[PDB]
2 protein chains.
Amino acid sequence: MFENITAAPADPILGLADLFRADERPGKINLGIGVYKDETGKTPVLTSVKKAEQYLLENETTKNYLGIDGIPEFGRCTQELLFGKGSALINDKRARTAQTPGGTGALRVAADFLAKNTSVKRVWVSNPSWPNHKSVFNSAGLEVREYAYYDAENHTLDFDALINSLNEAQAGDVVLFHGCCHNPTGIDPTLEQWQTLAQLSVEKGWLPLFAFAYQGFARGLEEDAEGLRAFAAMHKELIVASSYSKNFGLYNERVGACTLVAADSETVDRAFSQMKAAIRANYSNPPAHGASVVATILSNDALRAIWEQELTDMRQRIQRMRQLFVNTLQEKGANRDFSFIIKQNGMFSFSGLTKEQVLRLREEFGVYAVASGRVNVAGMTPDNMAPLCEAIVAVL
Amino acid sequence: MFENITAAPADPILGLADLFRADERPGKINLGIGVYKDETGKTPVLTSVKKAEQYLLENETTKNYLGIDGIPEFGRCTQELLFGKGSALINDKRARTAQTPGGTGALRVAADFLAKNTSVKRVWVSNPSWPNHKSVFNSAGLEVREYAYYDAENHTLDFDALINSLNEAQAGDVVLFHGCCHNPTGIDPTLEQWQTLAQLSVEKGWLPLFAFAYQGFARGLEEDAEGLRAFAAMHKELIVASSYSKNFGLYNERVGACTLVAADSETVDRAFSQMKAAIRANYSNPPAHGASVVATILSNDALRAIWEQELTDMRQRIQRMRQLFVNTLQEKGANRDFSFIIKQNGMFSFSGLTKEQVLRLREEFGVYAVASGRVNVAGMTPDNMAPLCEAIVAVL
Ligand SMILES: Cc1c(O)c(CN)c(COP(=O)(O)O)c[n+]1C
Ligand SMILES: Cc1c(O)c(CN)c(COP(=O)(O)O)c[n+]1C
């Protein structure tokens with residue numbers, strides 16, 4: 001019976017969204033979005049994926065079920081993207097990929113797989129992290145500890161406080177790393193940090209879990225995988241949960257992958273069978289469409305060139321807006337160094353605004369940002385950059 | 001670390017499939033399939049859904065995320081299909097639907113919702129049932145008890161043994177009913193049985209969970225919902241997990257719904273928020289494509305008429321094959337009453353073959369059936385009906 005079921009709390013971004021769409025004043029700016037937007041303020045479906053969908057509409061003959069792990073070409077392509085085209089990981093066939101419902105679905109089936117097939121009980125998540133990670137790991141029954149990350153002062157990666165809290169993590173604990181475009185701070189380890197982290201991870205026996213949602217948004221496709229690759233070269237095991245939601249603009253088709261690396265193929269196959277069991281008891285087998293679109297873009301040279309170009313344009317649009325944000329702020333006139341905004345990667349960064357300030361922003365100007373001061377740079381267009389900077393100036 | 005991870009067992013149908021596709025003799029028949037096939041032996045994508053996909057390819061402008069519960073028109077249409085177009089359930093707005101990854105995904109999020117938000121610990125599943133139900137409920141942490149169902153003698157619904165084991169079920173236990181086309185026996189309660197079951201369910205305080213995977217395959221769309229409707233009229237609460245995988249032939253697009261009925265809207269909304277939380281921590285929000293195809297077929301009269309006709313042809317093809325199976329058996333010549341095959345609904349029935357017999361069938365003739373003697377009637381075509389009957393005759 002359900003009469004004393006407690007309502008679910010407000011989830012941050014979600015609530016803000018309809019609070020936004022209640023504001024009678026169309027001068028309003030929703031910087032709390034979380035999805036990419038172009039200079040029009042729209043989230044278009046990529047030309048390459050439109051081409052790949054006319055193609056599938058022309059060529060699918062059955063909608064019969066995929067295998068639990070999804071379409072194989074999709075798996076193989078996510079492994080080259082992740083590990084690099086000649087990776088020993090791929091040649092020794094130490095990695096296995098399950099196509100999953102989104103990068104979140106990949107984290108939930110890594111979560112269940114691990115919860116029921118191993119000794120891990122703790123997952124270390126950065127402070128702060130994308131908030132839904134916690135919920136996923138706890139629904140699985142694992143507990144989430146947090147490690148320090150952000151220097152809420154220098155606006156950088158507090159590497160010391162990070163290895164310092166990581167030292168409470170024991171062997172066989174999972175430490176989640178964001179592979180590139182750290183949500184929420186857009187602050188990422190440099191390759192030298194990633195490498196000493198790879199080294200301290202094998203030292204302390206950490207099980208790395210890479211949450212890789214924005215490959216291609218920080219510097220480029222390979223560059224962004226350079227951290228995971230520094231880890232993978234040194235680890236016998238690691239798990240990576242990737243998403244194609246932002247970077248192929250396929251948010252609602254739920255396209256992502258959970259990759260298992262194990263020491264050798266014999267072990268990766270035996271753990272993967274239990275990862276398949278976990279998927280079976282969850283949604284049985286994955287959605288073919290968005291993944292079918294990713295596998296035919298990535299395996300066609302014409303189409304993958306057009307996609308790449310569409311992704312580097314996304315990536316460059318966000319890089320012009322971090323710069324144009326810093327300039328229109330340092331010209332609508334206040335004192336700050338917002339220069340840290342230029343250093344950070346991907347769509348998000350903490351502007352360093354207080355809740356009293358972001359609330360002010362929202363009531364007095366109609367600029368909507370998450371209570372953490374996390375601003376999504378892609379909701380900025382050259383047209384709204386000056387009302388937005390004005391507003392931020394006026395509340396500083 | 002994963003080196004002593006135990007491999008996952010063989011799942012029945014799955015294993016049989018590639019054992020099938022290893023048989024060098026193309027006279028072979030796979031009756032273990034589980035998906036619909038036409039007279040060609042193929043699982044086509046429906047004309048209506050092809051039309052609905054050219055339409056979506058023409059009209060989608062964004063692949064931005066759906067809400068946790070999916071596309072609303074889809075929810076509204078599954079509720080009319082389930083509860084009937086003028087249901088008080090819908091008018092009083094006591095029902096809430098979450099679009100989910102398949103009917104299995106609906107069972108897993110009913111499972112988690114219930115496991116973490118209520119007092120239920122036991123779920124009663126028929127003996128036998130579709131085997132993945134157990135796994136879903138256990139991954140959620142609920143335990144599965146079984147109630148008797150099939151009379152492995154008279155080839156019917158042993159109604160007595162059914163209410164007799166159901167009496168060990170306590171109040172607040174979930175009893176899962178298959179709404180129509182009982183997998184695996186194709187044996188369904190008659191409306192009089194459904195009604196005394198509705199009555200004994202409210203008597204003992206059972207929480208009904210309808211697994212509704214084959215609406216439209218037994219007699220017709222409304223007829224098939226008549227059991228659920230006998231229950232819904234009498235229950236303050238019930239959950240129904242439906243799938244559009246067979247009946248729209250959208251297996252791999254993972255299209256299904258989890259509907260919550262509660263006493264009133266205030267309560268249904270508050271339990272639904274926690275069902276949304278469960279989805280959030282699982283795959284965040286559902287795949288739009290297959291559901292977007294179901295919502296535009298169902299809301300367009302031209303397209304929904306073509307779909308209906310395509311579903312009644314599926315349904316009639318399976319009904320010709322149950323009859324043609326019984327005749328070609330009662331003419332390839334052995335003694336039995338296979339007449340119970342005609343009484344049963346949907347794609348499956350237990351032929352009443354022994355494991356020693358289905359194994360024989362498989363080694364000596366290359367007819368592949370599940371070890372339970374469950375035969376999928378849709379894998380029978382008028383062309384393979386006589387090798388198949390011959391084989392079954394020769395092993396009786
Ligand atoms: C790290 C991570 C983040 O941060 C997000 C979004 N903030 C997602 C979302 O992926 P999706 O494919 O939409 O489920 C996944 N992952 C794995
Ligand atoms: C009762 C039930 C059965 O029996 C099956 C298949 N045997 C399914 C499969 O639905 P899907 O939409 O493919 O996950 C669901 N349900 C809810």
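Order of the sequence lines fixes the chain letters, A, B, ..., with proteins taken first and strands second; residue numbering starts at 1 for each chain.
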Report task. Tell me, out of A:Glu237, A:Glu53, A:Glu266, A:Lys276, who's got the most heavy-atom pairs with chain B below 4.5 Å. Result -> A:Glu237

Query raised in the report: Thinking salt bridges, do A:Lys50 and B:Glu60 make one under a 4.0 Å N-O criterion?
Result: no

**Report entry** Heavy-atom closest contact (A:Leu260 atom, A:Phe272 atom, distance)
**Finding:** CD1-N, 3.6 Å

Query raised in the report: Take atom CD in B:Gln170; do more than 12 heavy atoms of anything else shown fall under 6.0 Å from it?
Result: no

Report task. Would you please test B:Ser48 and B:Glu310 for side chain to side chain contact (heavy atoms under 4.5 Å, CB included) and show each step? Result -> CA-CA 8 Å; B:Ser48 47; B:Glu310 295 185 277; 2.5 Å; yes

Query - Presence of salt bridge, B:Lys63 and A:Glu253, under 4.0 angstrom - result: yes

Query raised in the report: Is the distance between the ring centroids of B:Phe113 and A:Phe2 under 6.0 Å?
Result: yes

Query raised in the report: Taking A:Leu250, A:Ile68, A:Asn138, A:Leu207 one by one, which has the highest count of heavy-atom pairs under 4.5 Å against chain B?
Result: A:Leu250

Query raised in the report: Of all of A:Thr118, A:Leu114, A:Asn132, which one pairs up most often with chain B through heavy atoms under 4.5 Å apart?
Result: A:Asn132

Requested in this report: State whether a side-chain donor-acceptor pair under 3.5 Å links B:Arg96 with B:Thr259.
Outcome: no

Query raised in the report: Quick check: are there more than 12 heavy atoms from other residues, nucleotides or ligands sitting under 6.0 Å from OH of B:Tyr55?
Result: no

Requested in this report: Output the option from B:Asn4, B:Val268, B:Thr62 having the highest count of non-hydrogen pairs under 4.5 Å with chain A.
Outcome: B:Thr62

**Report entry** Mutual orientation of the aromatic rings belonging to A:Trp130 and A:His133 [parallel < 30°, tilted 30-60°, perpendicular > 60°]
**Finding:** perpendicular

Query - B:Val255 side chain near B:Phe248 side chain, heavy-atom distance below 4.5 Å - result: no

Report task. Under 4.5 Å heavy-atom distance to chain B, tell me which part of A:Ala278 shows up: side chain, backbone, both or neither. Result -> backbone

Query - Distance-only donor-acceptor check, side chains A:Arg270 and B:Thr6, under 3.5 Å - result: no

**Report entry** Part of A:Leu107 within contact of chain B (heavy atom distance under 4.5 Å)
**Finding:** neither

Query raised in the report: Does B:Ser273 reach the main-chain N or O of A:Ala8 with its side chain, forming a donor-acceptor pair under 3.5 Å?
Result: yes

Requested in this report: Sort B:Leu46 into side chain, backbone, both or neither according to what part of it lies under 4.5 angstrom from a heavy atom of chain A.
Outcome: neither

Query raised in the report: Between B:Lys42, B:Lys134, B:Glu3, which residue shows the highest count of heavy-atom pairs closer than 4.5 Å to chain A?
Result: B:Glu3

Query raised in the report: Got B:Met275 and B:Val109 here, is their nearest side-chain heavy-atom distance under 4.5 Å?
Result: yes

Report task. Would you mind checking which part of B:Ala263 comes under 4.5 Å of any heavy atom in chain A, side chain (CB onward), backbone (N, CA, C, O), both or neither? Result -> neither

Requested in this report: Side chain from CB out, backbone as N, CA, C, O: work out which of these in B:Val293 comes under 4.5 Å of a heavy atom of chain A, or both, or neither.
Outcome: neither

Query raised in the report: Which of the residues B:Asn64, B:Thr104, B:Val136 is involved in the greatest number of heavy-atom pairs with chain A at under 4.5 angstrom?
Result: B:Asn64

Report summary line: The interface call for B:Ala140 against chain A, heavy-atom contacts under 4.5 Å, is neither

Query - Which portion of B:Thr267 sits near chain A, non-hydrogen atoms under 4.5 angstrom - result: side chain

Query raised in the report: For B:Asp11, is it the side chain, the backbone, both, or neither that has a heavy atom closer than 4.5 Å to a heavy atom of chain A?
Result: side chain

**Report entry** Any residue of residues 279-292 of chain A which, by heavy atoms, sits under 4.5 Å from chain B
**Finding:** A:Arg280, A:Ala281, A:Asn282, A:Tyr283, A:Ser284, A:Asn285, A:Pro286, A:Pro287, A:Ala288, A:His289

Report summary line: Bottom line for B:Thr100: the part with an atom under 4.5 Å from chain A's heavy atoms is neither

Query raised in the report: For the candidates B:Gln54, B:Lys236, B:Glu58, which exhibits the highest count of non-hydrogen atom pairs separated by less than 4.5 Å from chain A?
Result: B:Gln54

Query raised in the report: What class does the angle between the rings of A:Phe74 and A:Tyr244 fall in, given that below 30° is parallel, 30 to 60° is tilted and above 60° is perpendicular?
Result: perpendicular

Query raised in the report: Relative to chain A, which segment of B:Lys246 carries a heavy atom at a distance below 4.5 Å: side chain, backbone, both, or neither?
Result: side chain

Query raised in the report: Which one, A:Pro9, A:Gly256, A:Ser135, A:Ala271, leads in non-hydrogen pairs under 4.5 Å with chain B?
Result: A:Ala271

**Report entry** Neighbour count >12 (heavy atoms, 6.0 Å) for atom NZ, B:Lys116
**Finding:** yes

Query raised in the report: For B:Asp112, is it the side chain, the backbone, both, or neither that has a heavy atom closer than 4.5 Å to a heavy atom of chain A?
Result: side chain

Query raised in the report: Quick one: of A:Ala171, A:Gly205, A:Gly249, A:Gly102, who has the most non-hydrogen atom pairs under 4.5 Å with chain B?
Result: A:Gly249

**Report entry** B:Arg254: partners by salt bridge (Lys or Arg N to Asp or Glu O under 4.0 Å), with sequence neighbours left out
**Finding:** none

**Report entry** Contact origin within A:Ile239 toward chain B - heavy atom pairs under 4.5 Å
**Finding:** side chain

